[PDB]
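>>> Need coordinates for the following:
(chains A and B, ligands or ions: 2)
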There are 2 protein chains.
Amino acid sequence: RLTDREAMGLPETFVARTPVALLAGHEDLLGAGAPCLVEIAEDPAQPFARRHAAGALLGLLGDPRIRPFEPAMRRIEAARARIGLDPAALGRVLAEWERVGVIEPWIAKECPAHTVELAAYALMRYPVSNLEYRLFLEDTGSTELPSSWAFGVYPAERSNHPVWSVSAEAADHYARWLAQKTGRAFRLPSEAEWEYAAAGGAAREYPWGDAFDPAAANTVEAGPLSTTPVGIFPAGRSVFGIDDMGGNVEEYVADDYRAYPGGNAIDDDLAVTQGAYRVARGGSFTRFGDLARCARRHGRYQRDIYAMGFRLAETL
Amino acid sequence: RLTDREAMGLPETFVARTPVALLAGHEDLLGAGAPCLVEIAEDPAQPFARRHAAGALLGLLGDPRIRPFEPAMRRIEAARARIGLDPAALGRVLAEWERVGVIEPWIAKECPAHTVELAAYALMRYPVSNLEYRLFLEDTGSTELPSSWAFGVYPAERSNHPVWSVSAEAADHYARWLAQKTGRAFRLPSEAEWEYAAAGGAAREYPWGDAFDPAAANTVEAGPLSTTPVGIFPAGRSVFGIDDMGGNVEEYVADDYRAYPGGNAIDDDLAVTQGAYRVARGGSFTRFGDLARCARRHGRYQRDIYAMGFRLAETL
Ligand SMILES: [Ca+2]
Ligand SMILES: [Ca+2]
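Residues are numbered from 1 along each chain as shown, chains lettered A, B, ... in the order given. Ligands and ions are numbered 1, 2, ... in the order given. And now the structure:
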């Protein structure tokens, strides 16, 4: 029933969260050099507008943080991961997020918290970028063009933003292409690999800790209402050094939707949702912080406001 | 029946007409300074990629060519303008453009060529930009948000590109707002004022001369497949010094569609088109060079690939 803007908490009148000119008053960045721009973009003490300005200039220059054939990876040692939500903690999540429309069944599918054995793996520090996805398209001849590319056209000023929306099978295809190109075991992360990389062995509610922080991720509460250059919300980095797990774009995993086994809570929608879509995790610039919860499971519907991107894992 | 990409002459596979990073190899522009960037962006001898790079950097910095409350204007003296198409020249237009789908009735509504007395007037050198339109939205509280702004959000990296698509009445509203702000007689140009400003007293077929030139304007034949910073196709400037009249975005005029009087050619669609839409002129980054003809009359249908912007005139 809601318009896109209503769903994003915005009025019908115009709202801006960025300057009219991103580098106005930040002209010292022109002489900084790319290594200095990278430090500024990833420094949590720098105001967002200056990090955004640095990231935007890197987007024009060619961002050296994005190396398509040797992407920045973080190693994660084998572990007994705890995945999902304790049924006794559902009430707290609902009180926390009912204001934005969350209802009990959406959170109940995170139950029960359970153990998953993970072998050692690596995960991309950043989500896959527009520039990376373009190289994939040009090498493969794929017709899997991103929905946000107007008329299928590459948005060059946003070279270092995450790509969206693509299908889960296009994300799969990107991973197979890079695996073949590099000889490395690239793939999408499993749902358990994604959640553990965000939450750690401490099972944090968010990548950054126990309480939502609108400055730690690009979400709709206070984000700029578009994607951002990867990695310019450093306060939201996970314990393993992964950036943008909360916010920016939702991220596909390898798993199609399934109920977690052992959950005595009746899900009357399972008769149509089981195996019906690929799980997406992490939330996005258009949605609220409930989606930046490490345990939140999403992906059921295709909508303009659901920005679907991805990041790769690697078998070690 | 055609997809957007089919209508643009593009395959299903990916096509790029820009570098992956607009300023890669153009890093000398970082130290140029805005006046030098402006000279580069508007120099027809500079390769398009370097002009685009300069314009993109100006878009980040704040483009000094765009002065919202004192927009760059060109004065045009009172004249007896010749508007439209001689019926004897219709066959030549059809042979020239039938390959892109143009058929006789679309061109026949330009007939007959006729005389319009114009008093002295001024016309904006550039189409109205994203940055200018944002200032309008923030001052008025208007809900007339541009269609290309995803979820209604300002695209800050494209601050100095033309705004699109807006309704003709939103263009009217912008003109009234600026008139009230500045005390100057701003308005949209009449259809005759627009065509004369493009074609001159010589009644050139295109602003730049008699033959189509894919490098003189941002059209779909060879343009970058998005809007461009205003004024970076200087080879297409009109005899009066107006930029981007061919290409970039279509431009509304003050006139609703009417047949030119005196045209003995039967238009069976007049029974539904008369007064039914606002005329748009000049063509765009998504369409072919037939629309960059000074006499071509457009605007009948609302479609994603029809990018509708505007520029202001001023009574002198
Ligand atoms: Ca994310
Ligand atoms: Ca134009």
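>>> Regarding chain A, what is its longest strand?
Ranked by residue count under DSSP state E, the longest strand found in chain A is strand A:250-256.
>>> Which residue ranges of chain A form strands?
Counting by DSSP E, the strands of chain A are A:73-76, A:79-83, A:114-118, A:121-124, A:186-187, A:250-256, A:278-281, A:308-309, A:313-315.
>>> interface residues of the stretch 151-300 of chain A facing chain B?
On the criterion Cβ under 8 Å from any Cβ of the partner chain, chain B has as its neighbours in the stretch 151-300 of chain A the residues A:151-159, A:224-226, A:286. Just so you know, the C-beta spots here come from the backbone N, C-alpha and C atoms, and that holds for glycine as well.
>>> any chance you could map the helices in chain A?
For chain A, the helices defined by DSSP state H cover A:4-7, A:34-41, A:48-61, A:90-97, A:104-108, A:130-140, A:168-182, A:191-199, A:270-273.
>>> Please render these as CSV that adds mean neighbour count and distance to ligand 2 to the earlier fields.
Converted to CSV, these look like this (neighbours: other Cβ atoms under 10 Å in any protein chain shown; distance: least, Cβ to the ion, whole Å):
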stretch, mean neighbour count, distance to ligand 2
helix A:4-7, 16, 29
helix A:34-41, 18, 35
helix A:48-61, 24, 25
helix A:90-97, 15, 47
helix A:104-108, 17, 47
helix A:130-140, 21, 27
helix A:168-182, 18, 35
helix A:191-199, 25, 46
helix A:270-273, 12, 48
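>>> List just the one of these that sits closest to ligand 1.
helix A:191-199 (9.1 Å; Cβ to the ion).
>>> what's the angle from the closest one to strand A:250-256?
Angle of helix A:191-199 versus strand A:250-256, following axes from the mean of the first three to the mean of the last three Cα atoms, to 10 degrees, is 150 degrees.
>>> Remind me what helix A:191-199 packs against, helices and strands.
Applying 3 or more Cβ pairs under 8 Å, 6 or more residues apart in numbering or on different chains; DSSP states H and E, one finds that helix A:191-199 contacts strand A:73-76, strand A:79-83, strand A:114-118, strand A:121-124, strand A:250-256, strand A:278-281.
>>> Redo those strands as a markdown table? Include mean neighbour count and distance to residue B:93.
Conversion of the helices and strands packed on helix A:191-199 to a markdown table gives the following (neighbours: other Cβ atoms under 10 Å in any protein chain shown; distance: least, Cβ to Cβ, whole Å):
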| stretch | mean neighbour count | distance to residue B:93 |
| --- | --- | --- |
| strand A:73-76 | 18 | 58 |
| strand A:79-83 | 17 | 67 |
| strand A:114-118 | 14 | 68 |
| strand A:121-124 | 24 | 54 |
| strand A:250-256 | 23 | 49 |
| strand A:278-281 | 24 | 51 |
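>>> Against ligand 2, how distant is residue A:266?
When distance is defined by Cβ to the ion, to the nearest Å, residue A:266 is 60 Å away from ligand 2.
>>> That residue: neighbour count?
Each residue near residue A:266 was counted by other Cβ atoms under 10 Å in any protein chain shown, and the total is 8.
>>> OK, contacts around residue A:90?
Taking Cβ atoms under 8 Å, 6 or more residues apart in numbering or on different chains, we find residue A:90 in contact with A:104, A:107-108, A:111.
>>> who's in contact with the nearest residue to residue A:131 once chain neighbours are set aside?
Spatially, and ignoring its direct neighbours in sequence, residue A:131 is nearest to residue A:159 (4.2 Å; Cβ to Cβ, 6 or more residues apart in numbering or on different chains). Under the criterion of Cβ under 8 Å, 6+ apart, the neighbours of residue A:159 are A:59-60, A:62-63, A:66, A:129-131, B:20-21.
>>> how does it look with 6 Å?
If a contact means Cβ atoms under 6 Å, 6 or more residues apart in numbering or on different chains, then residue A:159 has A:59, A:130-131, B:21 as its contacts.
>>> Surely residue A:110 and residue A:294 touch.
No. In this structure, residue A:110 is not within contact of residue A:294 by Cβ atoms under 6 Å, at 9.9 Å.
>>> Residue numbers of chain A in contact with ligand 1?
Those residues of chain A that sit near ligand 1, judged by Cβ under 5 Å from the ion, are A:248, A:282.
>>> try it again with 8 Å
Within chain A, the positions adjacent to ligand 1 are A:127, A:162, A:217-218, A:244-251, A:281-284, A:292, A:309 by Cβ under 8 Å from the ion.
>>> one step back: of all the helices and strands packed on helix A:191-199, which one comes closest to ligand 2?
Among the helices and strands packed on helix A:191-199, the nearest to ligand 2 by Cβ to the ion is strand A:250-256 (37.0 Å).
>>> what angle separates that closest one from helix A:168-182?
Using the same axes, to 10 degrees, strand A:250-256 lies at 90 degrees relative to helix A:168-182.
>>> hang on, the earlier thing: turn the strands of chain A into TSV, columns for distance to residue A:92.
Putting the strands of chain A into TSV (distance: least, Cβ to Cβ, whole Å) gives the following:
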stretch	distance to residue A:92
strand A:73-76	28
strand A:79-83	17
strand A:114-118	19
strand A:121-124	28
strand A:186-187	34
strand A:250-256	23
strand A:278-281	20
strand A:308-309	28
strand A:313-315	30
